[PDB]
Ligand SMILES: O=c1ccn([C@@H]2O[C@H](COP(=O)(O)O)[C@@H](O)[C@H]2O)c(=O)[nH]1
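Coming up is one lone chain in structure tokens, specifically the form deposited without the ligand.
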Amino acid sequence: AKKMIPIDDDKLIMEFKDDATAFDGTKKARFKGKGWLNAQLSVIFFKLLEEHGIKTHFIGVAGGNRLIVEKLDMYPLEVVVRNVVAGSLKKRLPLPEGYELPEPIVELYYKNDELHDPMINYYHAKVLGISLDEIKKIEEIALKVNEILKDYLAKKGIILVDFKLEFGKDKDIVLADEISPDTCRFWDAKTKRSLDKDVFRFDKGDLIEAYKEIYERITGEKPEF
């Protein structure tokens, strides 16, 4: 759903596609507009966070579905922040779906398609080369990012249930990858319906529909091109 195209040593282009993928490829479809929407929600989000002094890889926009992003020495981590009990958190804690966590939970995953992204802790993280200090900073950034996204979305009747972040090191630790309904769980505050990729993962409705809603609610206008 994303392709990374190198420019030079400092920067590259991140290209958002219309291809949507679930369950390791076994489920696939294409949604006209998804790429544009995802790139654009990413820009909105990265700029919002950068307003609060969050350092992000975002440099500029290169057309509707392409971002220009600074080049990074990437951590082999997928970091998940959770405000509301959903998905695999059910398999880990005795709490029903939708339960509001008293504090956000940070989970670390070793980014590794083959091991199917296994959860690790600080000891595994060290083995993979990430120091305790880096870890602590990564978690602190994530929770700072969690607070800004959650408060921002909540004012617009959107629940940030959870989301995934990636990070890398500039030549300082830097937030990377994307921030889109591909990588977050959003629920309508009133209804609790998904407005994210879960709609496609579990055929609970129209995907392009739900993503346009996010876009509409944030910008206050329908999606163009």
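Note that residue numbering follows the sequence shown and begins at 1. Think of the rigid core as the biggest set of C-alphas that the two forms share within 1.5 Å after superposition.
J.: Please indicate which stretch deviates more in 8 other deposited structures of this protein: 199-207 or 20-28, judged by C-alpha RMS distance after a core superposition?
T.: After the core superposition, the stretch with higher RMS deviation in 8 other deposited structures of this protein is 20-28.
J.: Comparing C-alpha positions in 8 other deposited structures of this protein against this form, with the rigid core used for the fit, which stretch differs more, 124-132 or 87-95?
T.: Of the two stretches, the larger average C-alpha offset in 8 other deposited structures of this protein falls on 87-95.
J.: Please say, as none, 1 to 3, 4 to 9, or 10 or more, how many residues of the deposited sequence are without coordinates in the interval between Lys171 and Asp172.
T.: Gap between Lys171 and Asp172: 1 to 3 residues without coordinates.
J.: Tell me which of 44-52 and 22-30 has the higher mean C-alpha B-factor in the deposited entry.
T.: According to the entry, 22-30 carries the higher average C-alpha B-factor.
J.: Test of understanding: from the entry's C-alpha B-factors, which stretch has the higher mean, 127-135 or 102-110?
T.: It is 127-135 that shows the higher mean C-alpha B-factor.
J.: Looking at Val61, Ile158, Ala176, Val161, which one carries the largest C-alpha B-factor according to the PDB entry?
T.: Result of the comparison over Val61, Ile158, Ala176, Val161: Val61.
J.: Sort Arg82, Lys150, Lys91, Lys144 by C-alpha B-factor from the entry and give me just the highest.
T.: Of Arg82, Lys150, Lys91, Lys144, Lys91 has the highest C-alpha B-factor.
J.: Sorting the chain's modelled residues by C-alpha B-factor, tell me whether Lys197 ends up in the lowest, middle or highest third.
T.: For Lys197, whose C-alpha B-factor we compare with every modelled residue in the chain, the answer is the middle third.
J.: Rank-wise, by C-alpha B-factor, drop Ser180 into the lowest, middle or highest third of its chain.
T.: Its C-alpha B-factor, which the entry lists for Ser180, ranks in the middle third among residues of this chain.
J.: Sorting the chain's CA B-factors, does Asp117 end up in the lowest, middle or highest third?
T.: For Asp117, whose C-alpha B-factor we compare with every modelled residue in the chain, the answer is the middle third.
Keep in mind that the form deposited with the ligand bound is not shown, yet the notes after this line are about it.
J.: Counting only non-hydrogen atoms and a 4.5 Å threshold, tell me whether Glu78, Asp162 and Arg185 all contact the ligand in the bound PDB entry.
T.: Judged in the bound PDB entry, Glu78, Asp162 and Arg185 all sit within 4.5 Å of the ligand.
J.: Hey, of 147-155, 78-86, 120-128, 134-142, which bit sits against the ligand in the bound PDB entry at 4.5 Å between non-hydrogen atoms?
T.: Only one stretch passes the 4.5 Å heavy-atom test: 78-86.
J.: Might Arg201 be said to contact the ligand in the bound PDB entry, defining contact as any heavy atom within 4.5 Å?
T.: Output for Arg201 is yes: heavy atoms within 4.5 Å of the ligand.
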